[PDB]
Amino acid sequence: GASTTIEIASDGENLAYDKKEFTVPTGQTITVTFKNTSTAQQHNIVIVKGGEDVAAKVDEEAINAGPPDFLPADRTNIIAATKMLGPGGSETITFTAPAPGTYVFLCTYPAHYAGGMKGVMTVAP
Ligand SMILES: [Cl-]
Ligand SMILES: [Cl-]
Ligand SMILES: [Cu+2]
């Protein structure tokens, strides 16, 4: 199940990814390519350091941070994040997988996380 190279995309015009979960091996370099395949939406992907409580706080810092990237000033709670992609844009991010555990991924464009645009990165031991 575990993989070091992940391809993920938005689903149509909905506030959802085409993957709700993926697994990565701990301690190794991971490549994640996100494609905003929508025709009219803004999307990113943010992998946070922990679960739903961390994700909620990053989402709130994001909407306060505002346009155009909607990300917090620093990455203390972020494993990796793309920039805010327009329709048809894509980005590839790179990070050492952290300690084994479950890590929420989410889009921080306003209302999209609450709208269900989220998933879980499981990090295998
Ligand atoms: Cl692999
Ligand atoms: Cl972003
Ligand atoms: Cu989004």
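Residue numbers count from 1 along this sequence. Keep in mind that the numbers below use all heavy atoms, side chains included, and drop hydrogens, waters and symmetry copies.
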With the side chain counted from C-beta on, respond yes when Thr23 and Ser3 share a heavy-atom pair under 4.5 Å apart, and no when they do not.
-> no

Does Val123 belong to the same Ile/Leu/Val/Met/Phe/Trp/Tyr cluster as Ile8, with side-chain heavy atoms less than 4.5 Å apart forming each link?
-> yes

Grab the two heavy atoms, one from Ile93 and one from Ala80, that are nearest each other, plus how far apart they are.
-> CD1-CB, 3.7 Å

For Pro87 and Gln42, work out which heavy atoms get closest and say how close.
-> CD-NE2, 4.0 Å

Do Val46 and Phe22 sit in the same hydrophobic cluster, where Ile, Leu, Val, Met, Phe, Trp and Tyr count as joined when their side-chain heavy atoms come under 4.5 Å apart?
-> no

With hydrophobic residues grouped by side-chain heavy-atom distances under 4.5 Å, do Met84 and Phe34 end up in a single group?
-> no

Among all residues two or more places apart in sequence or in another chain, which pass the side-chain hydrogen bond (donor to acceptor under 3.5 Å, both in side chains) test with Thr76?
-> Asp74

CD1 of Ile30 to CD1 of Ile6, rounded to nearest 0.5 Å, is 7.0 Å

With sequence neighbours excluded, tell me which residues meet side-chain hydrogen bond (donor to acceptor under 3.5 Å, both in side chains) with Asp11.
-> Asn14

Same cluster or not: are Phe95 and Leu85 linked, directly or through other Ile, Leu, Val, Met, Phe, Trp or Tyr residues, by side-chain heavy atoms under 4.5 angstrom apart?
-> yes

Atom pairs and distances, side-chain donor-acceptor, residues 100-117, under 3.5 Å, sequence neighbours left out:
residue: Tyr103; atom: OH; partner: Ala99; partner atom: O; Å: 2.6
residue: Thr108; atom: OG1; partner: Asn44; partner atom: ND2; Å: 2.7
residue: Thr108; atom: OG1; partner: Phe70; partner atom: O; Å: 3.1
residue: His112; atom: ND1; partner: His43; partner atom: ND1; Å: 3.3

Given side chains that start at C-beta, do those of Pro72 and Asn77 come closer than 4.5 Å, heavy atoms only?
-> no

So with a 6.0 Å cut-off around CD of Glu7, is the heavy-atom count from everything else above 12?
-> no

Would you call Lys20 and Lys118 a side-chain contact if the rule is heavy atoms closer than 4.5 Å?
-> yes

Looking only at non-hydrogen atoms, find the nearest pair between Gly12 and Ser38 and report the distance.
-> O-CB, 3.3 Å

Backbone N/O of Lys83 and side chain of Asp69: donor-acceptor pair under 3.5 Å = no

Spell out, as yes or no, whether a donor-acceptor pair under 3.5 Å connects the side chain of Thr37 to the backbone of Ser10.
-> yes

So if you build clusters from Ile, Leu, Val, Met, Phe, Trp, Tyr with side-chain heavy-atom gaps below 4.5 Å, do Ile45 and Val48 land together?
-> no

Quick check: are there more than 12 heavy atoms from other residues, nucleotides or ligands sitting under 6.0 Å from CD of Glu13?
-> yes

Nearest heavy-atom approach of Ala81 to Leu71 is CB-CD2, 3.9 Å

Begin with the C-alpha distance, continue with both residues' side-chain angles, and end with the deciding distance and a verdict on side chain to side chain contact (heavy atoms under 4.5 Å, CB included) for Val24 and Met121.
-> CA-CA 7 Å; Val24 302; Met121 175 178 87; 3.9 Å; yes

Which of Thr92, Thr5, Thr82 passes side chain to side chain donor-acceptor pair (under 3.5 Å) with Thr33? It is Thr92

Spatial distance of atom NZ (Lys49) from atom CZ (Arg75) [nearest 0.5 Å] = 9.5 Å

